[PDB]
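Worksheet for the structure shown next.
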Number of protein chains: 2
Amino acid sequence: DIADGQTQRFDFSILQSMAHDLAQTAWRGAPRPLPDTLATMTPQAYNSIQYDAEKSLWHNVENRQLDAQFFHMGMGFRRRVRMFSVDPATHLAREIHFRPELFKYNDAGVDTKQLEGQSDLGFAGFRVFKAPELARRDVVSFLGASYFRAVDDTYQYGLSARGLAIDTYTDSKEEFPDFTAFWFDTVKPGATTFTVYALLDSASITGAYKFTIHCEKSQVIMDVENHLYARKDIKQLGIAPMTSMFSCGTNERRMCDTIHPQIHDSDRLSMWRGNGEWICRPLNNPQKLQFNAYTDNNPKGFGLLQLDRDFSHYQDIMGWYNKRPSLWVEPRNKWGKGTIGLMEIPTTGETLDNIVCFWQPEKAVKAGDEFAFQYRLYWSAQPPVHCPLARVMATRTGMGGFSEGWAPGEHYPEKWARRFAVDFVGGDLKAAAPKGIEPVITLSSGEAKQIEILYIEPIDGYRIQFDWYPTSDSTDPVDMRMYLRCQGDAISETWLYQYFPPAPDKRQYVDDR
Amino acid sequence: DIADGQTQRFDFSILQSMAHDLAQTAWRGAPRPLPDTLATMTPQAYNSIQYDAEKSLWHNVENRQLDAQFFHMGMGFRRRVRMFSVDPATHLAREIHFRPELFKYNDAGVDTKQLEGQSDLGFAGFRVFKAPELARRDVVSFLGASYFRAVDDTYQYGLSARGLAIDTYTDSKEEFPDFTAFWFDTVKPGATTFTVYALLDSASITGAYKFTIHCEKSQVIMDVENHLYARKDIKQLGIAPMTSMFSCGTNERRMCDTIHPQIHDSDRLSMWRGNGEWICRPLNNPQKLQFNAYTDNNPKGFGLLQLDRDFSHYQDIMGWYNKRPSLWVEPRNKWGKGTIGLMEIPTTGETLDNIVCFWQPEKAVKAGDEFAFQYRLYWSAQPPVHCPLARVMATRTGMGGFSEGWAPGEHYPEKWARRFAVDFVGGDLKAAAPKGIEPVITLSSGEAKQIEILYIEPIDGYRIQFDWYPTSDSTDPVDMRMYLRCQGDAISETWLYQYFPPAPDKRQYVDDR
């Protein structure tokens, strides 16, 4: 009912055609300035603008389990996005032109007369609500350049995902692709899923995106198919990028001066390689910008996970980090050779998303190149696929050089060493204990001296604790790999960790006594 | 059967007589050197000496729920302690002379011929076992100068208590009273409780101690009655001292570079004043030695508590800090004016007991003075008496100067401030919330700016969070008192905290960016 634009035929092939035509032509450029009312507005004024639930998308669909509400122009959202409604039966799309009557400005200093003849103006994005609460809490949100977020049955929006990433870690500056348009298929009566088509535009790449989002009871499953058309040479391309935050946690705690024991939207990076090996990579908050590439030939799955769901580990009631979802990327086709990038930015608090994970194809991207990637996104804790063997539970790092449970109190340890504790749960650990669980530790630098295997009754797991001794002053990052091998065969997933030793002068403890 | 000494009449009045006679005479002095085998022995050799369970005390008592095994001379235990067995029916005590046949040395380099004619040699102490395991795990242990420890139904020996404390915090050195002798009443068949009489001797004080220890299903209750006779002038006297450990926890974490999130045998000091006010004093690990005296007129109860029983907060499998008991002291009579001392020593790990709490009578101790104190000791988590009002759950301290849940990530907070978060649970907090919970915060120095009251669903409690601003450069310790007052009346127990601000030059955050 809110779609008043001209009727035009639309399809996925049609969407690919305009994306190809857009790549063949010059870039539109930076967004033009917004009207003076929106351009100069208070952040509190923008938050007072509420979309009209009576004028929401699919409001005339009887017995509906979904509802869509659009956002408003303003703040950092300067790119106008056009929304269309397309009938699934007859492939005709009608443009939903922006009108001031679609919003209630309330306590906003908007004149509303400058937005009267502003049909060219669009929206900042959209959010989708579920059946029990069709206008209160959204399960799927598409806000920003290309960022989109979804929630599990606990709601509590956590990490975000984008449609593309360009030059994430290169000598050049970051380029942010924009979702310039959206096509919404009309939701069927009593339908959990819905389909939305997105047109991605950027200064060096254009793409056609198709999203099939299923809002299940305990998870949100998104089927993403894209067709990228390169406009210029791209030195770094990221497929299905993941944006999250990691400030502190069960890791090296160099930022722990806060009332919250752990602050992170995600604590680990789990990878399912083509050969079938599961890799656990805990996230880090390094002092310097870090980029890590993990070579893969056909990744069966990867993503950032929030495996710590206990509230007492976070002690946050405004963010609810324990209720935040975990994102898992499941490719549908063979993606070929490439690397899973992982960029970690230093951070102080929780207002900056410093974790970026994406898939980078091995082949260099040139002008006129074409790409097609299909993958499934799972937005929930406890991702659908996990390692059948023993799984890493936590990665605790601390002082070493002393017997466990007998840390000296009158003095610091004489020899400086770093102690790493890794907890393994699941698999056949209790069966392999009588035969002998032998941990295999590979270190780029240094040596592991006090390798101990201990059993933890409350978690029904085994802890592998070792002390790392530098034996060098190169201060270069140290790569560690751990996996449990009982009968000459792996019984646990690989534990991948990047450790940054302190300076040689800082490899000691100062004591006032 | 193991008592072969001469029969002598013994009673509590008789024990008080020899304590009075001992005070009237000069001190025995430092213990004489042990035989060469025990004097020069390996720590591993001493641990190889095992007492004979067949020759244990009360071995001839049919249908017994208790068993007593003695310790051996060696290591820091250089004071010989004489053990006696006294029949409750006929008050006759027989001395249990030390014999080499009472121990199995096994892997010990002890000649055993030098200990043949060594009846004058005694024991380092004794331990008491319960009915299900009469020779494996002890519930009550008396090892050391005057230290004695007891366990709850989780076992896992934690904090210790002594019979007396002399000059705990004074310009002079520490003086350790010694339990020079022990009288054991024969345990009745099928009796949970047992009575042991102790003679305390020291360079400046002598005392007669009577212990009535009940080993209940979930707790150990000790009835302690003492009669102290001062031999010299004592400048500081401690009644029912408590010795514990506090390295890290939900507090100022200046020692947190370890795999264990919290290391402490006790986290708070709970006091029940004569007027009926409950005070919660979280323990601290200060950089410098600290002594605090809390004036009381008739203390109804005090002790060190371990209220955090969750394993995930400690992550220790060798110490099991979550299973350690809490000690509560319940005076039986009016103790009069005095102060509850609390000495905190700086510590690095967990091998040093740096928390000492004791009751100091107001009146100065002179030569020839007489004292008599009766109190009950409870050795279990969740002490029998707690505040009927709201109780403090945790005391989290961290960075301030920013809105909660929106800590800046690209930069540090502009203004330095310390944020204190106190969680209150129980009482009538949910009923007083509609009326308005007003927190009353008293600060010796500085001001509280951002006082916020928030509700925590998972713990069903309310968090009082405030930011402390220095407004001074005196770097002196800051005393804070908090209690919730809704209708002009207190609805929560008082929260007492001692905070040490950093140096004025250190009241800032350094950023590499």
Could you name every one of the strands (runs of 3 or more DSSP E) located completely within the stretch A:203-312 that has at least 2 residues being small (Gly, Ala, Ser)? A:205-215, A:237-244, A:301-305
Among the residues listed as A:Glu101, A:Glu133, the single one being touching a helix residue (DSSP H, G or I) at 6+ places or on another chain (Cβ under 8 Å) and over 26 Å from A:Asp201 (Cβ atoms): A:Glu101
Check whether at least one residue in the stretch B:318-330 is within 8 Å of chain A (Cβ to nearest Cβ) and either touching a residue at least 40 places away in the same chain (Cβ under 8 Å) or within 26 Å of B:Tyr147 (Cβ to Cβ) (or both), and report yes or no. yes
Show the residue pairs meeting these rules: Cβ distance below 7 Å; 6+ apart or different chains; first residue within the stretch B:446-461 and facing chain A (nearest Cβ under 10 Å); second residue surrounded by 16 or more Cβ atoms within 10 Å (Cβ to Cβ) and among the acidic types (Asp, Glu). B:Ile456/B:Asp423; B:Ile459/B:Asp423
Spot the failing condition for B:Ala145; the list is (1) out of contact with any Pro (no Cβ under 9 Å at 6 or more places or on another chain); (2) at negative phi, and only one is missed. (1)
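Which one is farthest from B:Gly319 (Cα to Cα), of the residues in the stretch A:400-412 that are surrounded by 17 or more Cβ atoms within 10 Å (Cβ to Cβ) and in contact (Cβ under 8 Å) with a residue 40 or more places away in the chain?
This residue is A:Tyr412.
Yes/no per residue for (1) under 18 Å from A:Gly401 (Cα atoms); (2) touching an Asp or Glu at 6+ places or on another chain (Cβ under 8 Å):
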{"site": "A:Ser444", "(1), (2)": "no, yes"}
{"site": "A:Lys449", "(1), (2)": "yes, yes"}
{"site": "A:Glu452", "(1), (2)": "yes, yes"}
{"site": "A:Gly461", "(1), (2)": "no, yes"}
{"site": "A:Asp467", "(1), (2)": "yes, no"}
{"site": "A:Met482", "(1), (2)": "no, no"}
{"site": "A:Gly488", "(1), (2)": "no, no"}
{"site": "A:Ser492", "(1), (2)": "no, no"}
{"site": "A:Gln498", "(1), (2)": "no, yes"}
Would you check if B:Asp310 is more than 15 Å from the chain's Cα centre (by Cα), under 23 Å from B:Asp265 (Cβ atoms) and of a type outside the set (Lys, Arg)? yes
Scan the stretch B:310-332 residue by residue and report those that are crowded, with 22+ Cβ neighbours inside 10 Å and of a type in the set (S, T, N, Q). B:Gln315, B:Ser326
Among the numbered criteria (1) under 25 Å from B:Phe12 (Cα atoms); (2) in contact (Cβ under 8 Å) with a residue 40 or more places away in the chain; (3) not hydroxyl-bearing (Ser, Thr, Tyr), which one does B:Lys217 miss? (1)
Tell me which of these A:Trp58 doesn't satisfy, since it passes every other one: (1) at negative phi; (2) crowded, with 16+ Cβ neighbours inside 10 Å; (3) not aliphatic (A, V, I, L, M). (1)
Members of the stretch B:92-130 that are among the small types (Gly, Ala, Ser), in a strand (DSSP E or B) and at negative phi: B:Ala93
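Quick grid of which residues meet (1) crowded, with 24+ Cβ neighbours inside 10 Å; (2) more than 14 Å from chain A (Cβ to nearest Cβ):
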| position | (1), (2) |
| --- | --- |
| B:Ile234 | no, yes |
| B:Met242 | yes, yes |
| B:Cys248 | no, no |
| B:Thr258 | yes, no |
With aliphatic (A, V, I, L, M) and free of Cβ contacts under 8 Å to residues at least 12 places away in the same chain as the only criterion, which of B:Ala26, B:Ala3, B:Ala45 stands out? B:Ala26
Only listed residue being under 20 Å from the mean Cα position of the chain (by Cα), surrounded by fewer than 20 Cβ atoms within 10 Å (Cβ to Cβ) and not polar (S, T, N, Q), chosen from A:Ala372, A:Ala293, A:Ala364, A:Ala381: A:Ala293
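Residues are listed down the side, and each one gets a yes or a no for (1) in a loop (DSSP other than H, G, I, E, B); (2) out of contact with any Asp or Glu (no Cβ under 6 Å at 6 or more places or on another chain):
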{"site": "A:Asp1", "(1), (2)": "yes, yes"}
{"site": "A:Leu15", "(1), (2)": "no, yes"}
{"site": "A:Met18", "(1), (2)": "no, yes"}
{"site": "A:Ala23", "(1), (2)": "no, yes"}
{"site": "A:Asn60", "(1), (2)": "yes, no"}
{"site": "A:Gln65", "(1), (2)": "yes, yes"}
{"site": "A:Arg79", "(1), (2)": "yes, no"}
{"site": "A:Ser85", "(1), (2)": "no, yes"}
When you scan the stretch A:302-309, do you find a residue that is surrounded by 17 or more Cβ atoms within 10 Å (Cβ to Cβ), within 13 Å of another protein chain (Cβ to nearest Cβ) and of a type in the set (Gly, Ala, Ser), even just one? no
Count - residues of the stretch B:169-192 that are under 22 Å from B:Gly125 (Cβ atoms) and either part of a strand (DSSP E or B) or in contact with a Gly (Cβ under 8 Å, 6 or more places away or on another chain) (or both): 10
With respect to B:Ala431, is the statement that it is in contact with a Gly (Cβ under 9 Å, 6 or more places away or on another chain), within 20 Å of B:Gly488 (Cα to Cα) and more than 14 Å from chain A (Cβ to nearest Cβ) true? no
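When we count neighbours, we look across all protein chains shown, and the Cβ atoms used for this are built from the backbone with ideal geometry, even at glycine. Any read-out appearing in this document is the output of simple, stated calculations on the displayed coordinates, not a laboratory observation.
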